[PDB]
Structures are given as C-alpha cells and as structure tokens.
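Asker: I'd like to ask you about the structure that follows.
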Amino acid sequence: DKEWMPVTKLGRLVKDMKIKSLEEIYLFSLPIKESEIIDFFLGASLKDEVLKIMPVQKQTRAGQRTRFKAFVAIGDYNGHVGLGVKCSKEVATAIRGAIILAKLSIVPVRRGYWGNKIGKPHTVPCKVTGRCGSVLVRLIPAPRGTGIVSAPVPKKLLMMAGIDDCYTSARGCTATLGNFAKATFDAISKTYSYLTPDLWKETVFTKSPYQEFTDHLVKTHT
Amino acid sequence: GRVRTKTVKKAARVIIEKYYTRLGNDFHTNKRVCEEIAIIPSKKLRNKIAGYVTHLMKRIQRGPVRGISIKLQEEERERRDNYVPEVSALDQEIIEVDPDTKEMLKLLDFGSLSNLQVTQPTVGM
Amino acid sequence: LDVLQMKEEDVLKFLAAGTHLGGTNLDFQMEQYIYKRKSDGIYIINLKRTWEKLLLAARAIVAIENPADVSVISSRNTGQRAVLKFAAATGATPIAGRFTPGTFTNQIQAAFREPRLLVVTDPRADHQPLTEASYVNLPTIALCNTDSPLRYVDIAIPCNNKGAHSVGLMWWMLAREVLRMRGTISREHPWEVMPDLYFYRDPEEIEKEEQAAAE
Amino acid sequence: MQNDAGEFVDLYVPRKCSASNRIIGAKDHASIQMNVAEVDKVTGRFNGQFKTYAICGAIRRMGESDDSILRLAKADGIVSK
Amino acid sequence: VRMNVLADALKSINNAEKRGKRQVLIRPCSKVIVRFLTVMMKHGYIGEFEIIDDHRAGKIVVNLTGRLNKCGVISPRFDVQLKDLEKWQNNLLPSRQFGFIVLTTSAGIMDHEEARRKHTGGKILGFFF
Amino acid sequence: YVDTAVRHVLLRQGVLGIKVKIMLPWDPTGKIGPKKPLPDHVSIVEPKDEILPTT
Amino acid sequence: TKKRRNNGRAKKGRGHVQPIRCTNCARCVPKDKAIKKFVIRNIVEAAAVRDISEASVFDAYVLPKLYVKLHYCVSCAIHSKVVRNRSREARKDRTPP
RNA sequence: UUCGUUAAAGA
RNA sequence: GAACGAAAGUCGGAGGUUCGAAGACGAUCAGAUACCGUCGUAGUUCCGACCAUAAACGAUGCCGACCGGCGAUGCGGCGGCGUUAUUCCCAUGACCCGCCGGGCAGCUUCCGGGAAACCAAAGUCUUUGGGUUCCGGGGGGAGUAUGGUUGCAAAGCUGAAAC
Ligand SMILES: [Mg+2]
Ligand SMILES: [Mg+2]
Ligand SMILES: [Mg+2]
Ligand SMILES: [Mg+2]
Ligand SMILES: [Mg+2]
Ligand SMILES: [Mg+2]
Ligand SMILES: [Mg+2]
Ligand SMILES: [Mg+2]
Ligand SMILES: [Mg+2]
Ligand SMILES: [Mg+2]
Ligand SMILES: [Mg+2]
Ligand SMILES: [Mg+2]
Ligand SMILES: [Mg+2]
Ligand SMILES: [Zn+2]
C-alpha cells in the first residue's frame with residue numbers, strides 16, 4: 001500500500017509500463033536489483049517454501065555467537081523458480097531476506113519433451129547437470145506422467161519448476177541442503193544454456209528496451 | 001588538538017554543500033550564519049564546526065577541492081581553463097623520429113615531407 | 001567511405017603528439033596492431049588500424065540517441081583533465097579520478113548510475129570499471145597501449161596512453177569524429193581552438209613564469 | 001521449439017552469440033549487445049540504421065572480443081578494407 | 001604410443017570447441033576420420049573441411065561452427081547387435097530427440113538413424129551431439 | 001535518556017538479577033520523551049532559496 | 001598441507017644436496033636449504049676507525065674488510081632474528097634493501 | 001636457566 | 001624373473017686424523033640413565049662379499065595428443081653493414097637481438113578441475129571410454145600371529161582371523 005519509489009531505470013520502465021512480460025527481460029539478461037519487479041509481473045509466484053532454518057556459530061570472546069541461516073525456494077509453477085539464501089540474527093529477518101534474494105535470483109526453466117511432440121511440455125529438454133560444492137545432480141528426461149523421483153527437497157523444487165516428469169541422479173554429500181539445493185538450481189539453470197538443435201538460426205536481434213523507450217526514461221529522470 | 005570528529009566534519013560538509021553563498025572568511029559572521037541555518041545544542045560544538053567551516057572556506061577559495069563540489073564550483077572549474085595558450089600545440093613541419101615510421105609512411109600512402117633518419121644500436125634495456 | 005580516410009593534418013598531429021611509439025612489452029592480442037618492432041625497446045603502432053578503431057569507437061558512441069548514457073572515466077592525471085572537458089563538450093558524464101568502487105553495484109551510495117556504454121583511458125589504471133562492467137552489461141572502449149590486458153574490453157584503440165599530448169590528441173580527435181557524425185561540425189570545417197584543454201596544464205610555477213615573461 | 005501442431009512452444013528464444021554461436025544465458029551478466037551505426041556518403045551523415053553484435057561472457061572474459069568484433073565487422077564491410 | 005587416431009582427432013575438436021576457436025589442425029588421416037567428419041558435415045554440426053594431402057599422412061583442417069557440445073570416441077569399439085542399441089541410446093545421447101551415434105556397419109560408416117533403416121547394426125566408432 | 005531498573009527474582013535455584021534499561025525517544029513536545037535534543041545530532045534545515053533573480 | 005611450493009630448499013632437478021654445517025648449533029643442513037648470507041664487516045668498528053687513523057703510522061692508506069660466509073640453519077636463524085616470519089601473501093617476496 | 005598435575009560431564 | 005639401490009647393520013684384510021651408538025664421569029633438577037661440557041669403544045676410510053630398507057618425496061606410474069600469455073636460465077642449430085678482442089682479410093672466442101627443438105624452473109589468469117590448500121596439470125569427467133601396470137574399501141587389532149621363502153644375523157618379501 002506504499003509508494004514503490006522506482007530506481008535502477010528498469011523499475012522506471014516497469015512503472016512506465018513498457019516491458020510487457022518478464023520474458024522480455026530474460027531475452028536480454030538484464031540485472032534485476034529490487035525484488036518487487038517480479039511481484040509486479042507475476043502475482044502467482046508467491047508459492048514458496050522454506051527448506052531449512054539452520055544455525056551457524058561464530059566463536060568469540062563471549063563464547064558462541066549464533067545467527068540463523070534461511071533457505072527459501074520460491075516459484076511460479078509455469079517454469080520460473082528462485083532460491084534465496086540469507087543469514088541474520090533473527091528468524092523472520094533471515095526469512096524475509098531469503099525471500100527477497102530468491103525474488104532476485106529467480107530464473108526461467110526450460111520445459112521439453114520425452115520424444116513425442118503432442119504439446120504441453122512436461123520434462124527437461126535433455127540430460128542436464130548441476131554442481132555446487134561437490135554434489136553432482138543429473139536431471140534426465142522422463143516419459144509422460146512418470147513423476148519426480150528424487151529427494152523431497154529437489155522434488156519440491158522441481159514441482160515448483162513445473163517439470164512434471166524427471167529422473168534424478170545425485171552424487172556427493174546429498175545431506176547438505178546448502179549445496180544440494182544450489183546444485184539442483186544450477187542444473188535447472190543450465191537448461192537454456194544447453195545448445196539445442198531447434199535453435200539453429202541467427203536471432204532476430206530486437207532492440208533493447210532502453211533504446212526503445214529512452215525518451216520516457218529521460219522525461220522521468222529529468 | 002584539531003583532530004576533530006567525523007560528525008563535526010560531516011556537519012561542516014553538509015553546511016558547505018547546502019549553503020555556500022551564506023558563508024565567508026570571518027569566523028564571527030560564519031558562526032552566526034551556522035546558527036541561523038542549523039541547530040547545535042553545544043556551544044563548543046558550534047565554535048568547532050564554524051572554525052572548520054572557515055578552514056574549508058580558506059581551502060576552497062584558494063584552491064580546488066575534490067571533497068566537496070557544488071555546481072558553482074563546477075562552473076568555476078570550467079571558467080579557470082578556457083584561457084588557452086598557443087605555443088606548442090602543433091610544431092613546424094620538420095619532424096625526425098624513425099626510419100621505421102618512414103617505412104610506414106612509404107607503405108601507407110602519405111606525403112612524407114620531413115626527413116626521418118636515425119641510427120640506433122641494440123643497447124636497449 | 002572516401003572522407004573517413006586519414007589526411008595530412010591528421011598524420012601531422014599524430015607525429016607531433018608522438019603516439020606512433022608505444023611500450024616495450026608485447027601482448028598476444030596486440031600483434032594485429034603492431035607492425036614492425038624497433039631497436040632500443042620502443043615499438044611502433046600502425047596508424048590506419050588506430051584510425052579505424054577510433055572510427056568504430058565514434059560509431060559506437062554516436063549509435064545511442066541519448067548522449068547521457070555514455071560514461072567516460074579516467075583515474076590518472078593525464079586523462080582527468082581531458083575527461084571533464086570531453087564530457088562538457090558534447091554529452092558525456094563527467095566522472096574521473098577516484099572511482100569509489102561500488103559505483104555501479106549498490107544503491108545506498110548516491111553516486112549510482114545506469115549507463116549504456118563506457119569509455120576508459122587506461123585498463124591497468126581502470127581495472128575496477130572493467131570489473132564492474134560484468135554486473136551492468138555495458139561495453140568498454142579503452143585507449144590501450146602495447147602492454148595492457150584486454151579483459152572485459154570490446155573496442156581497443158592501440159596507442160600510447162602514457163603521453164599526455166597523445167591522450168589529449170585522442171580525446172580531441174574522438175570528440176571531433178563524434179561531433180562530425182552527430183552533424184554539429186561539418187567535414188570541411190576545422191575545430192575552433194587548438195587542443196590544449198584536452199592536453200594538459202602545468203601548475204603555477206612555470207605557468208606563472210611564462211605568464212610574467214609574456215606580459 | 002515446435003510440437004506436431006507447429007506451435008511456438010518455447011518461452012523465449014535466447015540470444016545466440018555473434019562470436020562463438022553459443023547461447024547467452026538468462027543470468028549471464030558478462031554478456032553484451034554491442035551496437036554500431038551505419039554511415040552515409042561523402043557528407044558523412046548519421047543513419048538511424050544500426051547493426052547489433054552479441055558477444056558472450058566467456059569471450060568477454062578471455063578477451064577474444066577485441067579480435068572478434070573486427071573479424072566480425074570485416075565480413076560486414078564496415079570496419080576496414 | 002600412437003593409437004586411436006579418431007580419438008586423437010576428436011579430443012582436439014573438443015578442446016577447440018571448448019576454447020571457442022574457428023579451425024583445428026588434426027595430424028592423422030584415416031578414411032574412418034574422413035567418413036566420420038563427412039557424417040558430421042551431413043548433419044551440419046561442423047562445416048567445410050580441407051585435407052592437406054601430405055605425402056606421408058595428411059592434415060585435416062575443419063571449419064568449426066561453435067555448435068558441438070560433445071563429440072568423443074567409445075574406446076574398444078564394442079560389437080553392438082540390433083535391439084541392443086537402446087542401451088547406448090539411453091547411455092550416450094542426451095535425449096531421444098537430440099544427437100547421433102556413428103555406427104560401423106557392413107555397408108560403410110553410417111549413422112544411428114541410418115543404421116535402423118539399413119537394418120545392419122555393427123561396431124561403434126563414437127558419438128557426437 | 002535511559003530509564004534503568006534492577007530487580008530480583010526468587011526462583012528455586014536462588015535469586016536472579018534482571019536489568020532493564022530503555023533509551024527514550026526524542027519528543028520536543030510531550031511528556032513521553034525528553035525535550036532536549038542529542039548533542040551528537042546536528043540537524044540542518046532544508047535549502048530554502050528559490051527562483052526569481054533580477055527581472 | 002603444503003606450506004611451500006619449493007618445500008624449503010631449491011632442489012628441483014637433482015636428488016641429493018651436500019649437508020654443510022650450521023654456524024651456531026653446528027647442525028648439518030643441505031646448502032640449498034640453509035640460510036647462506038655474506039657479511040662484509042669492517043675489521044674495526046667505526047667508533048674506533050678514527051682513533052686508529054689518528055694514532056696510525058700511514059696517512060690513511062689501508063682499510064681492510066673482513067669477509068665471512070655466514071651460514072645459519074633455519075632452526076637457529078629464526079632465533080637469531082635474520083629470517084623472521086611473514087604472511088601468506090608475504091612469503092612470495094624477494095631481498096630487502 | 002627451570003617451573004609437574006587437575007577426570008566424567010556439563011550450552 | 002633380473003640389474004643397481006642413501007645411511008645404518010654383518011663377514012675378512014690395511015689404519016685409527018676428526019666426529020662418535022654403547023660406556024665412564026663433571027653439572028641443572030624433586031628425580032637423569034637426557035638435553036650442556038671432558039674422555040672414548042664399534043662405526044665413520046679403502047678393497048673384496050652379504051643385507052634391499054627411508055619422509056627412497058614431486059607424499060603425484062609410463063607412453064601419445066590438445067587447450068593462454070610473459071620474463072629468464074642451461075645445450076645445440078639458424079639469421080642480424082651492432083660492439084669487443086690478435087697483426088690485417090681469414091675461421092672460431094666474449095656480449096647484444098630474435099626464432100627453433102627438447103630440459104630444470106618461475107609470475108599472472110574466471111581454460112577447467114577440486115572439499116579446499118592448490119594445480120598449464122591434480123584440465124580435456126554425469127556432455128562420464130587413447131593404451132597399459134600396481135594398489136585402497138571406516139578406525140584399531142596389524143604390517144601382528146601362523147605358514148612358505150631369502151639371509152651369517154639383524155631382519156626382508158607374502159601375510160589372515162577372533163574381538
Ligand atoms: Mg553424511
Ligand atoms: Mg603444519
Ligand atoms: Mg632423496
Ligand atoms: Mg580434562
Ligand atoms: Mg651402505
Ligand atoms: Mg669374528
Ligand atoms: Mg671390518
Ligand atoms: Mg642414556
Ligand atoms: Mg671428542
Ligand atoms: Mg617401503
Ligand atoms: Mg611404478
Ligand atoms: Mg644459446
Ligand atoms: Mg667452439
Ligand atoms: Zn643453527
């Protein structure tokens with residue numbers, strides 16, 4: 001119910017109502033800074049879950065100085081999820097910071113087919129991998145209506161990703177969520193980064209939104 | 001003894017940034033100006049802030065300061081430069097530097113008016 | 001083309017400022033810019049590809065309709081003088097010297113900008129804008145020497161960025177070509193003043209000595 | 001990506017790089033879409049027409065972009081002979 | 001010392017693809033290597049290639065694309081029967097829709113899709129996708 | 001500025017000390033907080049000057 | 001872990017270095033590992049050089065120098081203050097002026 | 001120059 | 001299966017400077033039989049034989065290829081009206097500049113790896129396969145017992161179980 005006070009020129013484009021979809025931002029990979037931009041775009045991406053509230057300790061002259069570290073996975077079920085990690089001295093402060101950092105670190109998820117081209121994609125486009133720490137997480141395409149067969153934390157992460165059918169293969173210390181969830185996040189992030197044989201042609205090279213609506217940005221800055 | 005606090009220097013920089021034409025070189029006037037334009041409970045803090053404001057005025061009025069720069073000081077920095085001497089901008093058309101750049105002017109087609117001939121041994125470094 | 005070709009006044013100003021001579025160390029991406037090595041350590045940069053990279057730098061600067069989205073930064077004192085008057089010339093943003101790292105990353109600092117393009121003078125003296133380019137997605141035009149790294153650099157202009165006269169000549173000729181592409185100055189019209197604002201001024205010892213000798 | 005019906009099913013078509021023909025990622029903040037304008041005749045007049053060169057993150061980090069922009073615009077016919 | 005020259009070729013191709021270069025130098029020449037790169041040309045993952053016909057053994061230079069994710073050699077050249085290709089389908093190729101596997105059939109160096117139409121099967125040189 | 005209270009609590013382990021100190025907010029008008037401002041805080045006025053020079 | 005890439009000494013090509021005795025504790029240390037410095041002292045302290053020059057026979061024509069190959073080990077050299085400790089980014093340095 | 005010991009637990 | 005294999009140790013022959021296991025003392029400590037000092041046996045030396053062990057280390061098998069740069073060094077080869085030495089062309093000598101091959105190395109790097117230290121290899125590995133050899137499967141028991149074998153012996157190689 002408060003005035004948003006737009007900054008960083010991307011929010012000024014959003015409040016000038018010139019970027020029609022978040023897909024237009026991910027075409028050009030512009031850096032997001034404030035968290036409510038994707039709340040202005042997607043109102044159904046509020047579906048989130050805190051994964052683990054674990055404490056960390058720092059040994060000081062008083063003794064142990066505790067502060068809590070929160071993991072929050074947000075996600076729109078149409079193929080947009082984010083993973084936020086934030087440590088602070090308060091529970092709710094760490095939770096809100098992890099929500100804001102997940103809103104920042106939201107990425108799009110590419111959804112492919114198992115081998116038939118009926119429609120409504122349900123799986124990863126190919127066998128992808130993700131590594132954080134030591135945990136290699138491999139995502140494999142699955143037939144239609146198979147499901148997600150994994151640990152409950154990346155099973156919930158893929159269920160938020162909208163991958164209806166996927167096989168998983170994890171190796172390393174799978175017990176640490178702070179590496180295993182980030183490895184799953186890297187695995188679902190590399191799906192667009194994979195070079196695929198239906199993306200051969202040279203792209204359209206559409207104009208940047210800064211070039212397209214420079215004058216609105218000039219008249220709202222000056 | 002004058003190794004004054006960061007809050008003292010910060011308040012003086014806020015004063016010299018907001019209100020510059022209200023200030024001068026006289027401490028006994030700048031103190032009353034600072035008391036008209038600011039609220040300081042402590043008289044020793046008043047004297048210390050106004051003294052460092054006078055020191056900032058003596059620094060800015062004498063020379064250019066990076067630590068604070070208003071638009072009027074930016075226009076003064078623009079004004080102090082336009083007196084351009086014409087002594088050594090372009091030399092006469094007799095330059096001798098290198099037979100290698102003589103070969104460059106032979107390859108890439110130009111006039112090659114001046115002489116270009118030096119001989120150097122290999123006593124480099 | 002046919003008007004973008006180099007002329008005798010241009011090559012006379014190049015040979016007068018002395019930018020054809022460069023450093024003594026090579027880089028593996030400067031072999032296309034050097035032509036022939038010279039004895040006593042000093043190396044020779046060609047002039048045609050220098051002119052062509054200056055031409056492409058001018059094209060990239062003129063290619064945005066808003067001149068305020070081009071940031072121009074130099075930290076060393078040979079470029080600190082030229083950057084301010086280059087920004088006051090046509091449209092650029094005057095910021096030079098102490099970069100204050102975190103200029104383009106965080107927003108609790110009031111010196112936060114959103115540019116579309118960056119032109120720097122020395123990469124080794126401006127390693128920090130080269131670092132902070134990677135979070136803002138902006139290109140870099142750098143007045144590179146023969147011994148300068150080329151990380152996060154898109155347009156490299158081979159030159160001698162150590163000489164103050166060379167730096168001033170390059171900023172003058174860059175502003176010249178930018179204004180001629182914008183249409184302010186025509187092709188058959190020289191600039192109204194000799195480029196010394198862009199060069200340098202020596203402070204008040206021999207400046208006032210030459211003033212009192214010229215009274 | 002197309003189905004048997006021939007729809008455009010993919011969410012967005014990412015930018016293929018103009019240096020190594022590699023897909024620029026959605027979070028690859030080390031990429032750039034360079035812009036160079038076209039030049040008119042003897043008058044030397046600015047044109048609104050401009051061509052865009054996409055350079056990706058690993059190329060920009062290794063420094064291949066300096067050679068790559070000139071070797072990309074040489075086939076374009078705008079940088080040199 | 002010098003063995004599996006197709007692997008010696010494809011490791012150079014893979015390092016050039018990971019580096020991001022334009023064209024590679026490959027010091028051996030086999031008709032195996034020429035037909036393998038001919039299959040890769042026909043499926044368009046690489047481009048034009050020129051074979052410097054040295055008097056001893058030539059040198060292949062392949063104009064790359066920047067397209068190859070991974071190309072390699074299965075080492076011992078397994079003897080693979082039909083109705084056993086699906087193990088290598090699920091093991092090698094990243095998906096059902098992507099990639100191709102070069103077989104060594106009885107009627108020449110062939111492809112994974114060409115082998116099931118020719119109905120021959122046989123040995124495996126490697127894989128590329 | 002600070003209201004400070006030191007009290008005792010008698011539990012089965014013995015007596016326990018509790019210390020509650022509160023720094024009061026600055027209220028220039030009202031009996032809730034103190035009217036004297038902080039000596040460290042130096043408050044400045046806004047730029048008052050405006051348009052209309054000569055003619 | 002590895003504290004040093006050079007493992008202390010400079011043996012990288014060969015496999016055996018001759019042990020040369022230390023100066024203070026007389027422990028045999030291989031010569032690429034021991035602290036091997038070269039002290040050029042004046043044979044008279046400068047507090048008495050002027051006294052000997054004023055009370056000498058010749059008119060300042062002789063000034064001998066005492067040369068010693070000082071050869072410490074790294075166990076007593078730290079106690080003898082020569083080879084004091086440095087930081088992780090400071091071990092990579094070279095000879096001080 | 002030398003100066004020994006202090007368990008189990010307890011955040 | 002075979003040849004060498006530091007130091008120590010064993011069997012003969014010659015000597016015995018220095019150091020020096022054991023040993024004897026002189027000291028410090030509550031207690032030295034130790035660290036400190038004095039003397040000194042075997043050994044340390046050489047020629048013949050045996051033993052085959054080490055933090056025998058780069059704690060990193062060998063062969064072949066690929067993937068950045070830079071400044072040096074050692075050895076050959078090549079080029080450069082440059083300098084310097086003989087008496088003067090003449091040939092190598094010394095220095096300088098650059099390249100080639102393989103060698104001991106170093107600095108930086110988001111080339112990539114790894115848990116990190118760090119590594120142009122410890123990279124080319126879930127996008128997993130160039131060839132080949134030897135070894136590890138929680139820590140102790142234990143490199144022990146019991147067998148086989150080598151050795152003059154000390155011991156070496158192979159080497160389990162209960163708990
Ligand atoms: Mg565990
Ligand atoms: Mg240690
Ligand atoms: Mg050894
Ligand atoms: Mg205890
Ligand atoms: Mg021996
Ligand atoms: Mg006997
Ligand atoms: Mg004997
Ligand atoms: Mg004893
Ligand atoms: Mg003795
Ligand atoms: Mg052993
Ligand atoms: Mg071995
Ligand atoms: Mg040599
Ligand atoms: Mg000779
Ligand atoms: Zn010692």
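Just remember, in the structure tokens the first chain shown is A, the second B, etc., residues are 1-based per chain, and ligands are 1-based in the order shown.
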Please write out the residues within 10 Å of ligand 7 as a PDB file with N, CA and C atoms (P, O5', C5', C4', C3', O3' and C1' of nucleotides), in the first residue's frame, counting only C-alpha atoms (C1' of nucleotides) and all ligand atoms.
Answerer:
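Everything below was put into result_0.pdb:
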ATOM      1  P     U I  10      77.671 -54.334  13.075  1.00  0.00           P
ATOM      2  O5'   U I  10      77.711 -55.696  12.254  1.00  0.00           O
ATOM      3  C5'   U I  10      76.887 -56.789  12.624  1.00  0.00           C
ATOM      4  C4'   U I  10      76.948 -57.897  11.605  1.00  0.00           C
ATOM      5  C3'   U I  10      78.338 -58.372  11.225  1.00  0.00           C
ATOM      6  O3'   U I  10      78.903 -59.259  12.172  1.00  0.00           O
ATOM      7  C1'   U I  10      77.034 -58.098   9.273  1.00  0.00           C
ATOM      8  P     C I  11      80.498 -59.338  12.345  1.00  0.00           P
ATOM      9  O5'   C I  11      81.001 -60.085  11.031  1.00  0.00           O
ATOM     10  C5'   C I  11      80.669 -61.444  10.787  1.00  0.00           C
ATOM     11  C4'   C I  11      81.420 -61.983   9.598  1.00  0.00           C
ATOM     12  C3'   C I  11      82.901 -61.660   9.569  1.00  0.00           C
ATOM     13  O3'   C I  11      83.652 -62.528  10.394  1.00  0.00           O
ATOM     14  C1'   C I  11      81.954 -61.280   7.429  1.00  0.00           C
ATOM     15  P     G I  12      85.069 -62.054  10.967  1.00  0.00           P
ATOM     16  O5'   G I  12      86.068 -62.340   9.766  1.00  0.00           O
ATOM     17  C5'   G I  12      87.244 -61.570   9.619  1.00  0.00           C
ATOM     18  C4'   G I  12      87.892 -61.788   8.279  1.00  0.00           C
ATOM     19  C3'   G I  12      89.036 -60.844   7.968  1.00  0.00           C
ATOM     20  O3'   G I  12      90.248 -61.265   8.557  1.00  0.00           O
ATOM     21  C1'   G I  12      87.568 -60.919   6.127  1.00  0.00           C
ATOM     22  P     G I  13      91.017 -60.291   9.569  1.00  0.00           P
ATOM     23  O5'   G I  13      91.968 -59.455   8.610  1.00  0.00           O
ATOM     24  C5'   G I  13      92.728 -60.118   7.615  1.00  0.00           C
ATOM     25  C4'   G I  13      93.104 -59.192   6.491  1.00  0.00           C
ATOM     26  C3'   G I  13      93.554 -57.803   6.895  1.00  0.00           C
ATOM     27  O3'   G I  13      94.884 -57.770   7.374  1.00  0.00           O
ATOM     28  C1'   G I  13      92.054 -57.646   5.087  1.00  0.00           C
ATOM     29  P     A I  42      87.125 -49.261  18.023  1.00  0.00           P
ATOM     30  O5'   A I  42      85.736 -49.809  17.471  1.00  0.00           O
ATOM     31  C5'   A I  42      85.442 -51.197  17.482  1.00  0.00           C
ATOM     32  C4'   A I  42      84.002 -51.452  17.118  1.00  0.00           C
ATOM     33  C3'   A I  42      83.569 -50.956  15.747  1.00  0.00           C
ATOM     34  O3'   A I  42      83.864 -51.880  14.715  1.00  0.00           O
ATOM     35  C1'   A I  42      82.011 -50.241  17.371  1.00  0.00           C
ATOM     36  P     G I  43      84.597 -51.399  13.370  1.00  0.00           P
ATOM     37  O5'   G I  43      83.648 -50.262  12.786  1.00  0.00           O
ATOM     38  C5'   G I  43      82.387 -50.576  12.212  1.00  0.00           C
ATOM     39  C4'   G I  43      81.515 -49.350  12.125  1.00  0.00           C
ATOM     40  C3'   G I  43      81.975 -48.285  11.142  1.00  0.00           C
ATOM     41  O3'   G I  43      81.512 -48.539   9.827  1.00  0.00           O
ATOM     42  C1'   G I  43      81.495 -47.284  13.231  1.00  0.00           C
TER      43        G I  43
END
Asker: Find the residues near ligand 1. Use a cut-off of 12 Å, count only C-alpha atoms (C1' of nucleotides) and all ligand atoms, and write them as a list in words.
Answerer: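 The distance check yields residues 171, 172, 173, 174, 175, 176 and 177 of chain A.
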Asker: Run DSSP on the backbone and tell me which residues of segment 48-157 of chain A come out as helix (DSSP H, G or I); list them as a list in words.
Answerer: residues 91, 92, 93, 94, 95, 96, 97, 98, 99, 100, 101, 102, 103, 104, 152, 153, 154, 155, 156 and 157 of chain A
Asker: Fewer than 6 positions away in the same chain doesn't count, so skip those; otherwise give me all residues within 12 Å of residue 11 of chain H, counting only C-alpha atoms (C1' of nucleotides), as a ChimeraX atom specification.
Answerer: /A:63-66
Asker: Applying 12 Å and only C-alpha atoms (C1' of nucleotides), which residues near residue 97 of chain A remain after dropping the ones on its own chain fewer than 5 positions away? List them as number ranges by chain.
Answerer: A: 35, 50, 68-72, 83-92, 102-104
Asker: Between atom CA of residue 186 of chain A and atom CA of residue 59 of chain D, measure the distance and give it in Å to one decimal.
Answerer: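 Value for the atom CA of residue 186 of chain A-atom CA of residue 59 of chain D distance: 21.1 Å.
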Asker: Taking only C-alpha atoms (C1' of nucleotides) and all ligand atoms into account, which residues have an atom no farther than 8 Å from ligand 5? I'd like them as an NGL selection string.
Answerer: :I and (6-8)
Asker: Just write the chosen residues, C-alpha atoms (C1' of nucleotides), as a PDB file, in the first residue's frame.
Answerer:
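Resulting contents of result_19.pdb:
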ATOM      1  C1'   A I   6      71.462 -43.398   0.594  1.00  0.00           C
ATOM      2  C1'   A I   7      72.639 -44.027   5.607  1.00  0.00           C
ATOM      3  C1'   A I   8      72.778 -47.735   9.321  1.00  0.00           C
TER       4        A I   8
END
Asker: Within 12 Å of ligand 13, counting only C-alpha atoms (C1' of nucleotides) and all ligand atoms: which residues, as a list in words?
Answerer: residues 76, 91, 92 and 93 of chain I
Asker: May I ask you to write as a list in words all residues lying at most 9 Å from ligand 2, with only C-alpha atoms (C1' of nucleotides) and all ligand atoms counted?
Answerer: residues 1, 2 and 3 of chain G
Asker: For the selection you just gave me, I'd like the residues written to a file as a PDB file, in the first residue's frame, keeping N, CA and C atoms.
Answerer:
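Writing done, so here's part-v3.pdb:
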ATOM      1  N   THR G   1      49.037 -29.855   4.921  1.00  0.00           N
ATOM      2  CA  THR G   1      49.019 -29.191   3.623  1.00  0.00           C
ATOM      3  C   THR G   1      50.402 -28.722   3.216  1.00  0.00           C
ATOM      4  N   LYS G   2      50.534 -28.320   1.957  1.00  0.00           N
ATOM      5  CA  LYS G   2      51.767 -27.690   1.513  1.00  0.00           C
ATOM      6  C   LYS G   2      51.861 -26.284   2.077  1.00  0.00           C
ATOM      7  N   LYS G   3      52.913 -26.032   2.843  1.00  0.00           N
ATOM      8  CA  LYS G   3      53.191 -24.676   3.277  1.00  0.00           C
ATOM      9  C   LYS G   3      53.991 -23.915   2.233  1.00  0.00           C
TER      10      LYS G   3
END
Asker: Residues of chain I within 12 Å of chain D, using only C-alpha atoms (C1' of nucleotides), as a PDB file with N, CA and C atoms (P, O5', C5', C4', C3', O3' and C1' of nucleotides), in the first residue's frame?
Answerer:
ATOM      1  P     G I  68      44.826 -21.986 -26.322  1.00  0.00           P
ATOM      2  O5'   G I  68      45.707 -22.202 -25.014  1.00  0.00           O
ATOM      3  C5'   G I  68      46.972 -21.585 -24.874  1.00  0.00           C
ATOM      4  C4'   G I  68      46.812 -20.136 -24.511  1.00  0.00           C
ATOM      5  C3'   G I  68      48.084 -19.324 -24.401  1.00  0.00           C
ATOM      6  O3'   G I  68      48.604 -18.936 -25.659  1.00  0.00           O
ATOM      7  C1'   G I  68      46.697 -18.853 -22.562  1.00  0.00           C
ATOM      8  P     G I  69      50.192 -18.858 -25.877  1.00  0.00           P
ATOM      9  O5'   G I  69      50.625 -17.545 -25.086  1.00  0.00           O
ATOM     10  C5'   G I  69      50.144 -16.272 -25.486  1.00  0.00           C
ATOM     11  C4'   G I  69      50.304 -15.243 -24.395  1.00  0.00           C
ATOM     12  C3'   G I  69      51.722 -14.946 -23.956  1.00  0.00           C
ATOM     13  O3'   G I  69      52.374 -14.055 -24.839  1.00  0.00           O
ATOM     14  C1'   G I  69      50.348 -15.215 -22.057  1.00  0.00           C
ATOM     15  P     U I 109      45.888 -13.816 -10.516  1.00  0.00           P
ATOM     16  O5'   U I 109      45.096 -14.276 -11.818  1.00  0.00           O
ATOM     17  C5'   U I 109      44.486 -13.331 -12.686  1.00  0.00           C
ATOM     18  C4'   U I 109      44.066 -13.981 -13.978  1.00  0.00           C
ATOM     19  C3'   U I 109      43.154 -15.188 -13.827  1.00  0.00           C
ATOM     20  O3'   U I 109      41.793 -14.831 -13.685  1.00  0.00           O
ATOM     21  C1'   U I 109      44.930 -15.708 -15.313  1.00  0.00           C
ATOM     22  P     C I 110      41.112 -14.826 -12.232  1.00  0.00           P
ATOM     23  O5'   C I 110      39.962 -15.920 -12.339  1.00  0.00           O
ATOM     24  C5'   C I 110      40.259 -17.259 -12.718  1.00  0.00           C
ATOM     25  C4'   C I 110      39.346 -17.761 -13.812  1.00  0.00           C
ATOM     26  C3'   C I 110      39.413 -17.000 -15.136  1.00  0.00           C
ATOM     27  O3'   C I 110      39.279 -17.917 -16.219  1.00  0.00           O
ATOM     28  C1'   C I 110      37.198 -16.956 -14.301  1.00  0.00           C
ATOM     29  P     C I 111      39.979 -17.599 -17.629  1.00  0.00           P
ATOM     30  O5'   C I 111      40.269 -19.030 -18.258  1.00  0.00           O
ATOM     31  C5'   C I 111      40.377 -19.187 -19.668  1.00  0.00           C
ATOM     32  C4'   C I 111      39.955 -20.564 -20.111  1.00  0.00           C
ATOM     33  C3'   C I 111      38.977 -21.286 -19.172  1.00  0.00           C
ATOM     34  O3'   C I 111      37.948 -21.978 -19.896  1.00  0.00           O
ATOM     35  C1'   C I 111      40.873 -22.631 -19.557  1.00  0.00           C
TER      36        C I 111
END
